[PDB]
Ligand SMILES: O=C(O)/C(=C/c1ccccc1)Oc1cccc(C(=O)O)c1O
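Given as structure tokens, the chain that follows is alone and in the form solved without the ligand.
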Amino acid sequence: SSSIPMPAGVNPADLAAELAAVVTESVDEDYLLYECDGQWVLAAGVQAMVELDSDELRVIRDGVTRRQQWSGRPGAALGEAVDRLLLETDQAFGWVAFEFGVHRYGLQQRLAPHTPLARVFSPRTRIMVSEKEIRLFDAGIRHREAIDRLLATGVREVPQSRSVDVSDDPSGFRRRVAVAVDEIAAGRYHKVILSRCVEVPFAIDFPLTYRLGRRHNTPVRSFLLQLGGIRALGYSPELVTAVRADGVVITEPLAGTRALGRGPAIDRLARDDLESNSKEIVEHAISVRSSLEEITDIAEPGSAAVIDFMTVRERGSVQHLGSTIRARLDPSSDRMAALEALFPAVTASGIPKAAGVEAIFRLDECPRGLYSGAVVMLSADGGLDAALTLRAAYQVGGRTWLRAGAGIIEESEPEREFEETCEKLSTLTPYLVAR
């Protein structure tokens, strides 16, 4: 590993994304860029790839595909394969689908053949960009040279964005919400998150879009990727699971939503409302309790604790109530078992989870794939870092779309729920840079 000092007026987000653009273009390779605590980690090129589907597990290295059957828990199959990748290299990266979370609630039988559950790769090279420096791990001459060329020429200026109308409802989100409300009224479950896709009728430039949206979002994690034919970027508002090498596990549920970004005077009264509002507080309290019960399934007895309770978390177009829950990983458990315990996130599924996740199969467009799943970074020393995938744009084939959803409870109204998905799309819709 060598290192280069960070140029002076240059934001590490703009640099890391420019690198992803220019460098990975020039060599025409897949990549995933992951922002985690002031480090922008660019995992460049695919040394080897684990593909976990509902009906099969594949490992692809140097043109060769090893195919395997698998049974049991998806985290056990994924875990074994990723553990092997991590004998070779210090970190692996990828994404986990919403669908990875349904086995635990008895829904494996609903997945169609070949439903993606996870894609995790080891990179050929990593470039880490922070406030202070750029570190290079296994960069070849051809990469070092292209980085040199990028530093020489400087980051492009981001052009003006092109706008999208989100106010149509082609997938019947309003009709769907009303069905959920009826089902809640008849006692079927307490809460479900439904969503809607919005088509983007032009191709976007993913790295420049990433840069622009990043100046207006304050995420816990963020990501920009091009992998196996998917392009995606997003600003993640919450950690679904982090596991540290010392066995400490964290989850960070948010529940309760006000508008933000409307100017200081408006955003203060929305905050004060938020923090003292019976409806927001009850739903936060309920999620805290569910996620504590989930974490207790993988926790050393008595180690599960709320360490930050019900405080305001600022997230760009919205502010939320957030808590942080902590535990020690039980020696009989492992990081993948921790992720399955907390997946899908409560925040983007429902309560009780078996009934809420099942309502999503009936009342949302499925599979969800990346949306409400996680983007992940895993370490040879036993680390896992899993960001909840929301506020993301995707491109697959010739289709480019956004997706956003909202929690439906007994008192919910379709019109207001639709407006909530607008506010949520707003965290990205003003910042799309056309290709």
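When you see a residue number, it is the position in the sequence shown, counting from 1. Just so we're on the same page, rigid core means the largest C-alpha set that superposes within 1.5 Å between forms.
Missing here is the form solved in complex with the ligand; even so, the following discussion is about that form.
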Proximity to the ligand in the deposited complex, single hit among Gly247, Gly228, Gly140, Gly154 (heavy atom within 4.5 Å): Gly140
Of these, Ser379, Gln68, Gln39, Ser26, which has a heavy atom no more than 4.5 Å from the ligand in the deposited complex? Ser26
Choose one stretch from 156-164, 170-178, 348-356, 104-112: the one whose residues place a heavy atom within 4.5 angstroms of the ligand in the deposited complex. 348-356
Would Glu80 count as touching the ligand in the deposited complex under a 4.5 Å heavy atom rule? no
Under a 4.5 Å heavy atom criterion, is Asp308 part of the interface with the ligand in the deposited complex? no
Please check if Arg73 has a heavy atom lying within 4.5 Å of any heavy atom of the ligand in the deposited complex. no
Examine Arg289 and determine whether its closest non-hydrogen atom to the ligand in the deposited complex is within 4.5 angstroms. yes
Core-aligned between the shown form and the other one, the sole member of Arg104, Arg135, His143, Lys353 showing a Cα shift of 2 Å or more is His143
Classify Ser167 as shifted (yes) or not shifted (no) between the shown form and the other one, where shifted means its C-alpha moves by 2 Å or more with the rigid core superposed. no
Is the C-alpha displacement of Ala186 equal to or greater than 2 Å between the shown form and the other one once the rigid core has been superposed? no
Core-superposed C-alpha of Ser332 shifting 2 Å or more between the shown form and the other one: no
